[PDB]
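model-v6.pdb (PDB, C-alpha atoms and all ligand atoms) appears below.
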```
ATOM      1  CA  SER A   2      98.920  66.651  81.687
ATOM      2  CA  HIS A   3     102.379  67.901  82.726
ATOM      3  CA  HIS A   4     104.099  67.167  86.168
ATOM      4  CA  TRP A   5     106.802  69.723  86.576
ATOM      5  CA  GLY A   6     108.204  71.147  89.774
ATOM      6  CA  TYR A   7     111.432  72.108  91.497
ATOM      7  CA  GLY A   8     112.669  68.755  92.844
ATOM      8  CA  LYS A   9     115.538  66.526  91.612
ATOM      9  CA  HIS A  10     113.106  64.441  89.611
ATOM     10  CA  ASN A  11     110.924  67.128  88.034
ATOM     11  CA  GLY A  12     112.916  70.315  88.322
ATOM     12  CA  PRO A  13     114.514  72.753  85.883
ATOM     13  CA  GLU A  14     116.995  70.241  84.432
ATOM     14  CA  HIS A  15     114.060  68.084  83.310
ATOM     15  CA  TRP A  16     111.765  70.734  81.862
ATOM     16  CA  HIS A  17     113.200  70.669  78.354
ATOM     17  CA  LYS A  18     111.782  67.204  77.672
ATOM     18  CA  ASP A  19     108.124  68.361  77.756
ATOM     19  CA  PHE A  20     109.010  71.987  76.913
ATOM     20  CA  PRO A  21     111.902  72.051  74.412
ATOM     21  CA  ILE A  22     111.864  75.889  74.343
ATOM     22  CA  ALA A  23     113.625  75.538  77.725
ATOM     23  CA  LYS A  24     116.832  75.521  75.628
ATOM     24  CA  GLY A  25     115.701  78.475  73.462
ATOM     25  CA  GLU A  26     117.267  81.743  72.498
ATOM     26  CA  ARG A  27     115.535  84.102  74.961
ATOM     27  CA  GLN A  28     115.073  82.157  78.176
ATOM     28  CA  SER A  29     114.733  83.659  81.651
ATOM     29  CA  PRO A  30     115.970  84.317  84.220
ATOM     30  CA  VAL A  31     119.469  85.608  83.539
ATOM     31  CA  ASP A  32     122.388  86.993  85.517
ATOM     32  CA  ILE A  33     122.491  90.774  85.260
ATOM     33  CA  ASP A  34     126.089  91.787  84.915
ATOM     34  CA  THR A  35     126.013  95.386  86.078
ATOM     35  CA  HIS A  36     129.277  96.179  84.250
ATOM     36  CA  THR A  37     127.969  94.966  80.885
ATOM     37  CA  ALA A  38     124.423  96.423  81.076
ATOM     38  CA  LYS A  39     124.302  99.724  79.222
ATOM     39  CA  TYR A  40     122.526 102.842  80.250
ATOM     40  CA  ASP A  41     120.013 103.658  77.534
ATOM     41  CA  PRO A  42     119.201 107.394  77.710
ATOM     42  CA  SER A  43     116.288 106.774  75.300
ATOM     43  CA  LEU A  44     114.226 104.585  77.635
ATOM     44  CA  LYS A  45     111.053 106.549  78.682
ATOM     45  CA  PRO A  46     110.332 106.778  82.450
ATOM     46  CA  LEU A  47     108.442 103.706  83.880
ATOM     47  CA  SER A  48     104.773 104.366  84.772
ATOM     48  CA  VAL A  49     103.242 102.088  87.382
ATOM     49  CA  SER A  50      99.511 103.005  87.680
ATOM     50  CA  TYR A  51      98.056 100.753  90.352
ATOM     51  CA  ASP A  52      95.532 103.121  91.992
ATOM     52  CA  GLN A  53      92.435 101.275  90.723
ATOM     53  CA  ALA A  54      93.817  97.735  91.238
ATOM     54  CA  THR A  55      91.183  95.156  92.209
ATOM     55  CA  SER A  56      92.621  92.042  93.793
ATOM     56  CA  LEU A  57      90.328  89.009  93.976
ATOM     57  CA  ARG A  58      91.805  85.861  95.327
ATOM     58  CA  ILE A  59      94.972  84.092  96.452
ATOM     59  CA  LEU A  60      95.689  80.562  95.221
ATOM     60  CA  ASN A  61      98.316  77.912  96.078
ATOM     61  CA  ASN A  62      98.980  76.337  92.659
ATOM     62  CA  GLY A  63     101.421  73.717  93.908
ATOM     63  CA  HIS A  64     104.400  75.762  92.694
ATOM     64  CA  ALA A  65     103.890  79.183  94.315
ATOM     65  CA  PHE A  66     100.941  81.321  95.403
ATOM     66  CA  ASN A  67      99.233  83.663  92.998
ATOM     67  CA  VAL A  68      97.410  86.872  93.973
ATOM     68  CA  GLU A  69      94.925  87.389  91.180
ATOM     69  CA  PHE A  70      93.494  90.666  89.886
ATOM     70  CA  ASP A  71      90.454  91.741  87.918
ATOM     71  CA  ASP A  72      91.940  92.460  84.490
ATOM     72  CA  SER A  73      88.558  92.895  82.697
ATOM     73  CA  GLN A  74      89.441  96.622  82.238
ATOM     74  CA  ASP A  75      92.541  98.939  82.547
ATOM     75  CA  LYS A  76      92.466  99.149  86.306
ATOM     76  CA  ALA A  77      96.115  98.561  87.186
ATOM     77  CA  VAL A  78      98.577  99.061  84.334
ATOM     78  CA  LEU A  79     102.219  99.323  83.485
ATOM     79  CA  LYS A  80     103.363 101.694  80.716
ATOM     80  CA  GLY A  81     106.515 103.523  79.675
ATOM     81  CA  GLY A  82     110.046 102.349  80.101
ATOM     82  CA  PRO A  83     110.803  99.966  77.263
ATOM     83  CA  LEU A  84     107.110  99.264  76.637
ATOM     84  CA  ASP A  85     105.015 100.331  73.700
ATOM     85  CA  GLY A  86     101.387 100.659  74.745
ATOM     86  CA  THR A  87      99.531  99.465  77.860
ATOM     87  CA  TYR A  88     100.075  96.326  79.903
ATOM     88  CA  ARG A  89      97.379  95.190  82.348
ATOM     89  CA  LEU A  90      98.187  93.634  85.719
ATOM     90  CA  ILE A  91      96.787  90.084  85.980
ATOM     91  CA  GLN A  92      98.567  88.550  88.956
ATOM     92  CA  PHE A  93     101.599  88.513  91.159
ATOM     93  CA  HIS A  94     103.590  85.735  92.753
ATOM     94  CA  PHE A  95     106.986  85.120  94.305
ATOM     95  CA  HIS A  96     109.991  82.781  94.068
ATOM     96  CA  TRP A  97     111.928  82.097  97.280
ATOM     97  CA  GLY A  98     114.521  79.926  98.937
ATOM     98  CA  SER A  99     114.990  77.479 101.779
ATOM     99  CA  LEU A 100     117.549  79.885 103.293
ATOM    100  CA  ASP A 101     118.123  83.623 102.896
ATOM    101  CA  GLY A 102     121.109  83.140 100.522
ATOM    102  CA  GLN A 103     119.054  81.911  97.643
ATOM    103  CA  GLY A 104     115.562  82.232  96.176
ATOM    104  CA  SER A 105     115.732  84.857  93.431
ATOM    105  CA  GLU A 106     115.603  83.911  89.765
ATOM    106  CA  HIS A 107     117.456  86.855  88.358
ATOM    107  CA  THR A 108     120.863  87.477  89.929
ATOM    108  CA  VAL A 109     122.923  90.675  90.053
ATOM    109  CA  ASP A 110     126.604  90.118  89.480
ATOM    110  CA  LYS A 111     125.845  86.492  90.498
ATOM    111  CA  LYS A 112     124.236  87.652  93.774
ATOM    112  CA  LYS A 113     121.127  85.717  94.760
ATOM    113  CA  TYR A 114     118.478  87.494  96.768
ATOM    114  CA  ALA A 115     116.229  85.777  99.326
ATOM    115  CA  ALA A 116     113.214  86.009  97.012
ATOM    116  CA  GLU A 117     111.825  87.679  93.903
ATOM    117  CA  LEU A 118     108.380  89.165  93.293
ATOM    118  CA  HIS A 119     106.865  89.010  89.801
ATOM    119  CA  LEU A 120     104.022  91.294  88.817
ATOM    120  CA  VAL A 121     102.673  89.863  85.563
ATOM    121  CA  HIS A 122     101.060  92.128  82.961
ATOM    122  CA  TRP A 123      99.681  91.551  79.445
ATOM    123  CA  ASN A 124      99.726  93.795  76.395
ATOM    124  CA  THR A 125      96.160  95.002  75.837
ATOM    125  CA  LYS A 127      96.642  95.171  72.037
ATOM    126  CA  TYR A 128      96.215  91.381  72.044
ATOM    127  CA  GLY A 129      92.834  91.404  73.811
ATOM    128  CA  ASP A 130      93.377  88.629  76.385
ATOM    129  CA  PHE A 131      96.207  86.995  78.270
ATOM    130  CA  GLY A 132      96.064  83.711  76.317
ATOM    131  CA  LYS A 133      96.557  85.563  73.026
ATOM    132  CA  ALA A 134      99.253  87.799  74.493
ATOM    133  CA  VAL A 135     101.489  84.903  75.527
ATOM    134  CA  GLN A 136     101.679  83.841  71.851
ATOM    135  CA  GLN A 137     103.400  87.140  70.984
ATOM    136  CA  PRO A 138     107.035  88.183  71.475
ATOM    137  CA  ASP A 139     105.875  91.438  73.147
ATOM    138  CA  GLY A 140     102.869  89.961  74.856
ATOM    139  CA  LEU A 141     103.835  90.230  78.552
ATOM    140  CA  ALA A 142     105.715  92.602  80.794
ATOM    141  CA  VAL A 143     106.896  91.127  84.106
ATOM    142  CA  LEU A 144     108.029  93.604  86.757
ATOM    143  CA  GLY A 145     110.559  91.836  88.957
ATOM    144  CA  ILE A 146     111.452  93.029  92.444
ATOM    145  CA  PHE A 147     114.116  91.491  94.645
ATOM    146  CA  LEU A 148     113.517  90.768  98.336
ATOM    147  CA  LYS A 149     116.245  90.924 100.987
ATOM    148  CA  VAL A 150     115.851  90.071 104.646
ATOM    149  CA  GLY A 151     115.972  92.982 107.028
ATOM    150  CA  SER A 152     113.127  95.170 108.233
ATOM    151  CA  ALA A 153     109.544  94.060 107.747
ATOM    152  CA  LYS A 154     107.594  95.215 104.666
ATOM    153  CA  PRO A 155     104.280  96.465 106.041
ATOM    154  CA  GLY A 156     102.536  96.124 102.692
ATOM    155  CA  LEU A 157     103.439  92.450 102.588
ATOM    156  CA  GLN A 158     101.940  91.447 105.929
ATOM    157  CA  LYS A 159      98.374  90.947 104.603
ATOM    158  CA  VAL A 160      99.775  88.378 102.208
ATOM    159  CA  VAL A 161     101.774  86.658 104.941
ATOM    160  CA  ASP A 162      98.774  86.424 107.236
ATOM    161  CA  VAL A 163      96.540  84.654 104.717
ATOM    162  CA  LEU A 164      99.100  81.927 103.874
ATOM    163  CA  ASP A 165      97.915  79.706 106.742
ATOM    164  CA  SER A 166      94.581  79.381 104.899
ATOM    165  CA  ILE A 167      96.154  78.208 101.609
ATOM    166  CA  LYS A 168      98.787  75.803 102.906
ATOM    167  CA  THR A 169      98.337  73.144 100.282
ATOM    168  CA  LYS A 170      98.032  72.835  96.534
ATOM    169  CA  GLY A 171      94.612  73.809  95.186
ATOM    170  CA  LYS A 172      93.558  75.871  98.180
ATOM    171  CA  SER A 173      92.405  79.447  97.621
ATOM    172  CA  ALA A 174      91.056  82.325  99.733
ATOM    173  CA  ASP A 175      89.241  85.582  99.080
ATOM    174  CA  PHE A 176      91.920  88.345  98.784
ATOM    175  CA  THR A 177      90.112  91.528  97.948
ATOM    176  CA  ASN A 178      91.261  95.081  98.569
ATOM    177  CA  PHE A 179      94.982  94.333  98.510
ATOM    178  CA  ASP A 180      97.071  97.289  97.281
ATOM    179  CA  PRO A 181     100.122  96.135  95.281
ATOM    180  CA  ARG A 182     101.651  99.619  95.610
ATOM    181  CA  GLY A 183     102.724  98.501  99.070
ATOM    182  CA  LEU A 184     105.153  96.005  97.522
ATOM    183  CA  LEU A 185     107.262  98.500  95.568
ATOM    184  CA  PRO A 186     110.651  99.984  96.560
ATOM    185  CA  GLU A 187     111.185 103.781  96.497
ATOM    186  CA  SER A 188     113.134 103.834  93.239
ATOM    187  CA  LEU A 189     111.847 102.667  89.845
ATOM    188  CA  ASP A 190     115.386 102.404  88.401
ATOM    189  CA  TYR A 191     115.492  99.184  86.371
ATOM    190  CA  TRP A 192     117.188  96.808  84.003
ATOM    191  CA  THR A 193     115.321  95.428  81.014
ATOM    192  CA  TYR A 194     115.811  92.635  78.473
ATOM    193  CA  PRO A 195     113.701  90.304  76.311
ATOM    194  CA  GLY A 196     112.996  86.887  77.795
ATOM    195  CA  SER A 197     110.554  84.261  78.777
ATOM    196  CA  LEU A 198     108.288  82.847  81.427
ATOM    197  CA  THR A 199     110.521  81.235  84.041
ATOM    198  CA  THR A 200     108.112  78.331  84.596
ATOM    199  CA  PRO A 201     106.697  75.879  82.101
ATOM    200  CA  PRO A 202     105.504  76.529  79.445
ATOM    201  CA  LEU A 203     108.588  78.802  79.236
ATOM    202  CA  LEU A 204     107.054  80.930  76.475
ATOM    203  CA  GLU A 205     109.316  83.559  74.927
ATOM    204  CA  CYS A 206     106.794  86.371  75.301
ATOM    205  CA  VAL A 207     108.157  88.567  78.086
ATOM    206  CA  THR A 208     109.711  91.999  78.322
ATOM    207  CA  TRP A 209     111.474  91.791  81.693
ATOM    208  CA  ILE A 210     111.740  94.916  83.839
ATOM    209  CA  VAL A 211     113.825  94.173  86.951
ATOM    210  CA  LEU A 212     114.012  96.897  89.576
ATOM    211  CA  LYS A 213     117.466  97.708  90.903
ATOM    212  CA  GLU A 214     116.338  98.468  94.452
ATOM    213  CA  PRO A 215     115.288  95.475  96.530
ATOM    214  CA  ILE A 216     112.521  95.651  99.074
ATOM    215  CA  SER A 217     113.284  94.550 102.600
ATOM    216  CA  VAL A 218     111.125  91.941 104.302
ATOM    217  CA  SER A 219     111.588  90.451 107.757
ATOM    218  CA  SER A 220     112.930  87.029 108.562
ATOM    219  CA  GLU A 221     109.511  86.237 110.081
ATOM    220  CA  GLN A 222     107.752  87.169 106.857
ATOM    221  CA  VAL A 223     109.913  84.947 104.655
ATOM    222  CA  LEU A 224     109.762  82.125 107.198
ATOM    223  CA  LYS A 225     106.008  82.071 106.693
ATOM    224  CA  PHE A 226     106.450  81.697 102.926
ATOM    225  CA  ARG A 227     108.529  78.621 103.713
ATOM    226  CA  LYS A 228     105.677  77.010 105.676
ATOM    227  CA  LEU A 229     103.602  76.596 102.515
ATOM    228  CA  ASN A 230     103.343  73.179 100.904
ATOM    229  CA  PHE A 231     103.861  72.029  97.311
ATOM    230  CA  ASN A 232     101.707  68.962  98.107
ATOM    231  CA  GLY A 233      97.957  68.700  98.340
ATOM    232  CA  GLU A 234      95.890  68.300 101.544
ATOM    233  CA  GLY A 235      96.466  65.026 103.339
ATOM    234  CA  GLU A 236      99.582  64.226 101.308
ATOM    235  CA  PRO A 237     103.033  64.014 102.927
ATOM    236  CA  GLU A 238     104.542  67.402 103.525
ATOM    237  CA  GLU A 239     106.900  68.850 100.950
ATOM    238  CA  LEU A 240     107.716  72.383 101.996
ATOM    239  CA  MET A 241     107.294  75.007  99.285
ATOM    240  CA  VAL A 242     110.878  76.288  99.141
ATOM    241  CA  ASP A 243     113.413  76.775  96.371
ATOM    242  CA  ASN A 244     110.778  77.397  93.711
ATOM    243  CA  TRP A 245     113.230  79.293  91.492
ATOM    244  CA  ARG A 246     114.776  78.518  88.116
ATOM    245  CA  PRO A 247     118.501  79.319  87.896
ATOM    246  CA  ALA A 248     120.037  81.755  85.427
ATOM    247  CA  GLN A 249     119.936  80.774  81.763
ATOM    248  CA  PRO A 250     122.292  81.597  78.910
ATOM    249  CA  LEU A 251     122.110  85.241  77.802
ATOM    250  CA  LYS A 252     122.792  84.326  74.171
ATOM    251  CA  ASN A 253     122.496  87.276  71.726
ATOM    252  CA  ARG A 254     120.795  89.645  74.214
ATOM    253  CA  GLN A 255     121.546  93.020  75.659
ATOM    254  CA  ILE A 256     120.467  94.122  79.122
ATOM    255  CA  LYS A 257     119.704  97.833  79.226
ATOM    256  CA  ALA A 258     119.755 100.059  82.329
ATOM    257  CA  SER A 259     117.382 102.970  82.896
ATOM    258  CA  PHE A 260     119.960 104.702  85.133
ATOM    259  CA  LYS A 261     123.617 105.721  85.008
TER     260      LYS A 261
HETATM  261  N1  LIG A 301     100.048  77.462  80.531
HETATM  262  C1  LIG A 301     100.392  78.785  80.659
HETATM  263  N2  LIG A 301     100.260  79.577  79.612
HETATM  264  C2  LIG A 301     100.602  80.858  79.754
HETATM  265  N3  LIG A 301     101.088  81.485  80.822
HETATM  266  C3  LIG A 301     101.196  80.633  81.843
HETATM  267  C4  LIG A 301     100.888  79.294  81.856
HETATM  268  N4  LIG A 301     101.172  78.743  83.097
HETATM  269  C5  LIG A 301     101.645  79.740  83.786
HETATM  270  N5  LIG A 301     101.673  80.913  83.096
HETATM  271  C6  LIG A 301     102.109  82.223  83.598
HETATM  272  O1  LIG A 301     103.528  82.218  83.731
HETATM  273  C7  LIG A 301     103.858  82.785  84.984
HETATM  274  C8  LIG A 301     105.198  82.223  85.426
HETATM  275  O2  LIG A 301     106.287  82.828  84.710
HETATM  276  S1  LIG A 301     107.101  84.008  85.426
HETATM  277  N6  LIG A 301     107.755  83.364  86.697
HETATM  278  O3  LIG A 301     106.185  85.010  85.821
HETATM  279  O4  LIG A 301     108.042  84.296  84.407
HETATM  280  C9  LIG A 301     102.716  82.383  85.868
HETATM  281  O5  LIG A 301     102.631  83.168  87.071
HETATM  282  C10 LIG A 301     101.535  82.630  84.962
HETATM  283  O6  LIG A 301     101.175  84.008  84.973
HETATM  284 NA    NA A 302     113.246  99.304  99.348
HETATM  285 ZN    ZN A 303     107.676  84.199  88.439
END
```

Would you kindly transcribe this structure into structure tokens?
Amino acid sequence: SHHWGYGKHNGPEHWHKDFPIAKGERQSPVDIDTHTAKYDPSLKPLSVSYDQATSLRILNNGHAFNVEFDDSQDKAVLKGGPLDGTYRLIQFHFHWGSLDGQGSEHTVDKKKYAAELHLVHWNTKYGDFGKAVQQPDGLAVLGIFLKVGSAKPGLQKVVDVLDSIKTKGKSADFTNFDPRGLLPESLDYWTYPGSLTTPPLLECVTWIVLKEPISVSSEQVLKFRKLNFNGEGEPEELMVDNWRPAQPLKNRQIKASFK
């Protein structure tokens, strides 16, 4: 079994030993250079259809927390944009920092945001998530930056349950959560082909990164930082700085949906 994390001894600089694709040709995240990204007038508009989303549970996995969805049918889907076909929402999670000046995985002109939300979806043409991750177009991850300012009302239900999943392996019922409350106003985005940003680092992702951050309050992000990477009864290691830094762009083009 693998023992990866974000520390000096098990962090991103170590991952390539168990997961050699860490040094691959389409790794994520990347820096988005806004003056190199090209507007692609042929991208179709992005369609986020989350009205029938059914959340189930929230889990501390020792790396982040995952809000899990019922993906047994096309409840909540992502379509359009760069995507061919239908991608089903399976879960969301975040990456965040120890301080407000870092925490995002993607960067924008080298700017780091306080956190980044990932809504993970799988291409329904492959039948299940495990099959989808073996395909170069198997996943679509919708990434949304967080900055500290005003509170995000749609985030508070998440914040308030974190006390009940402090440590690795803890979970709580998390039904009736509406992920529409986590979106910014604009769906303007950048897109490029990449990977999972955690082990196993599979090169199966179409990334769609929204240009507009959401604002969350300092109190909200402070509560993220009270989580623990460790298990119950173990010495406290605060769950902070669970982000991978930018990786080499290599042959890839980042496209913009907007001028
Ligand atoms: N063994 C595995 N096989 C396939 N997928 C796996 C996985 N472990 C985690 N994920 C997935 O990879 C995501 C992390 O990558 S990210 N930050 O969204 O780019 C996790 O949230 C899981 O959905
Ligand atoms: Na916003
Ligand atoms: Zn992620």

*List every protein, DNA or RNA residue that has an atom no more than 12 Å from (109.7, 67.2, 79.4) in the file's coordinate frame, counting only C-alpha atoms, and report them as number ranges by chain.*
A: 2-6, 10-24, 201-203

*atom CA of residue A:107 and atom CA of residue A:76 are how many Å apart?*
27.9 Å

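Applied to the file shown here, the PyMOL selection byres (((not hetatm)) within 7 of (chain A and resi 303)) selects the residues residues 94, 95, 96, 118, 119 and 199 of chain A.
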
Could you report the residues within 6 Å of ligand NA 302 (chain A), using only C-alpha atoms and all ligand atoms, as a CSV table (one decimal) with C-alpha atoms, in the frame of the given file?
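Listing of selection17.csv after writing:
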```
chain,number,residue,atom,x,y,z
A,186,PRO,CA,110.7,100.0,96.6
A,187,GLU,CA,111.2,103.8,96.5
A,214,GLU,CA,116.3,98.5,94.5
A,215,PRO,CA,115.3,95.5,96.5
A,216,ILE,CA,112.5,95.7,99.1
A,217,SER,CA,113.3,94.6,102.6
```

*Given the file shown, determine the residues that the PyMOL selection byres (((not hetatm)) within 9 of (chain A and resi 301)) selects; report them as JSON, numbers by chain.*
{"A": [29, 30, 65, 66, 67, 91, 92, 93, 94, 95, 96, 106, 118, 119, 120, 121, 122, 131, 132, 134, 135, 136, 143, 144, 145, 196, 197, 198, 199, 200, 201, 202, 203, 204, 207, 209, 245, 246]}

*Would you please work out which residue, of A:25, A:195, A:102, A:155, is nearest to residue A:140 when using all atoms listed in the file?*
A:195

*Separation of atom CA of residue A:260 and atom CA of residue A:36, in Å?*
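Straight-line distance from atom CA of residue A:260 to atom CA of residue A:36 works out to 12.7 Å.
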
*So how many Å separate atom CA of residue A:75 and atom CA of residue A:142, to one decimal?*
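Rounded to one decimal, the two atoms are 14.7 Å apart.
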
Expected axis-aligned box over every listed atom of stretch 76-83 of chain A, 8 Å added per side, centre plus edges in Å to one decimal, as AutoDock Vina command-line options:
```
--center_x 101.6 --center_y 101.0 --center_z 82.2 --size_x 34.3 --size_y 21.0 --size_z 25.9
```

*Pick the closest to residue A:62 from A:250, A:179, A:212, A:167: which is it, counting all atoms listed in the file?*
A:167

*Mind listing as number ranges by chain all residues within 6 Å of (114.5, 90.5, 109.8), counting all atoms listed in the file?*
A: 150-152, 219-220

*Would you write out, as a PyMOL selection string, every residue that the PyMOL selection byres (((chain A and resi 181) around 8) and not hetatm) captures in this file?*
chain A and resi 51+54+156+179-180+182-185

Based on the selection just made, write C-alpha atoms of those residues as a tab-separated table (two decimals), in the frame of the given file.
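Generated output (result22.tsv):
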```tsv
chain	number	residue	atom	x	y	z
A	51	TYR	CA	98.06	100.75	90.35
A	54	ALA	CA	93.82	97.74	91.24
A	156	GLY	CA	102.54	96.12	102.69
A	179	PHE	CA	94.98	94.33	98.51
A	180	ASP	CA	97.07	97.29	97.28
A	182	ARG	CA	101.65	99.62	95.61
A	183	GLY	CA	102.72	98.50	99.07
A	184	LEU	CA	105.15	96.00	97.52
A	185	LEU	CA	107.26	98.50	95.57
```

*Nearby residues (all atoms listed in the file) at most 10 Å from residue A:35, same-chain spacing under 5 positions excluded, as a ChimeraX atom specification*: /A:109-111,192,256-258

*A:153, A:100, A:218, A:240 ranked by distance to residue A:170, top pick (using only C-alpha atoms)*: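 With only C-alpha atoms as the atom set, the closest residue is A:240.
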
_Pick from A:175, A:52, A:26, A:190, whichever lies nearest to residue A:69 using all atoms listed in the file_ =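 When distances to residue A:69 are compared using all atoms listed in the file, the smallest one comes from A:175.
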
*Name the residues in contact with residue A:57 at a cut-off of 9 Å, using all atoms listed in the file, excluding same-chain residues fewer than 6 positions from it; report them as a count of residues only.*
10

*Compare A:82, A:138, A:98, A:129 by their minimum atom-to-atom distance to residue A:116, counting only C-alpha atoms, and give me the closest one.*
A:98
